[PDB]
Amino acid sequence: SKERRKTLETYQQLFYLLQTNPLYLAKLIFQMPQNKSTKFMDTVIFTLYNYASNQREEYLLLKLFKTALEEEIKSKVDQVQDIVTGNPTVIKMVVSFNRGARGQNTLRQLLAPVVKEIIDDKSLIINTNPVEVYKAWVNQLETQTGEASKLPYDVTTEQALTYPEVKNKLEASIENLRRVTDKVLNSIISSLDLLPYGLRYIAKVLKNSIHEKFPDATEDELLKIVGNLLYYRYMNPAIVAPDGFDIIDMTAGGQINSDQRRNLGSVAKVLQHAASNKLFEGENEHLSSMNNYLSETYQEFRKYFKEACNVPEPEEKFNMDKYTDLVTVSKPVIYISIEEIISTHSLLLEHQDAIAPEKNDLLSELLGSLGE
């Protein structure tokens, strides 16, 4: 039981910690090499949903989240942007825990309507890619025309716009996209008060922490990090994969079409740029017309992000005093454990007909009670 004893101890510790000290399990998860923390994420998050179902424990989770994020910042963050490039597992857990805690219907109770609107439009086909549109045109419409495609099949980007027809589909798509996108953006911007306190609070801790370590960081830079958490990390994935993050219930039938993907995906691209204050250009020049929209959307996003941090400390948010001024007790904890059986040497098993495993028969008298 060399390799076997390890595995046993692993599960033993794991299920011991899960039941009795998930906060500490979480902490151990944070300091593990990042690739390895992946296998524990779901199972710990699941347990935290139950653990943090009352404000005193949710308070502790918030403090755990806080000290770990700060621990991460002043220890692995050297030039800002590190809290983003580094992919801290604390942020990954903060993001997940807030998706399906128990206010549950938060992202679906906020993006489902408008997402259901984009998925349902059986005609919508946004496509900001010329070459793709080009190839999709007569290169695919000359089907009910014959001559196959007397044109130069597979062309570049600059010349796909030679054909005004192709420059038109793009024109429309750009119109469609901006319409659909504004619907999404308004659902989000108008519903800041629907975001989870906990998520808002970490965004605050996040910002106040980077800023404490990097005073030379501007409101603009800070809010781009805060936006990374709230938008690109938290809700953007739900917009692109509503079927994966359960935004729209998937009744046994069919999954999202490539068209529906390309649609939702295009909205995310547009909004990412807006939140990250990045105008279209160089190779993305054909979408430059939106640069005006992007700059207004950013200004809205910016305001949003800044307000997200506007929130009290957990000590205040939950009147933690109803807890801290109490006379507590810590009675001994009983937990469910995994056990191994020693295993009798073959030498004694070969002769169990003569020897014979020991057995407590006066046990049925003990068993005959339990709970009196």
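One rule holds for the numbers: they count along the sequence shown, beginning at 1.
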Mean Cα B-factor comparison, 48-56 or 318-326, giving the higher one as deposited: 318-326
Higher-B stretch (mean Cα B-factor, as the entry records it), 198-206 or 257-265: 257-265
Options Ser96, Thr89, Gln272, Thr218 - largest CA temperature factor per the record: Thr218
C-alpha B-factor winner, where the candidates are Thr251, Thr85, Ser187, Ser75: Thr251
Chain-wide C-alpha B factor ranking for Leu370, given as lowest, middle or highest third: highest
Ranked against its chain, the third holding the CA B-factor of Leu363: middle
Within-chain third of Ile239 by Cα B-factor, per the entry: lowest
Ranked C-alpha temperature factor of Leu229 among modelled chain residues, by third: lowest
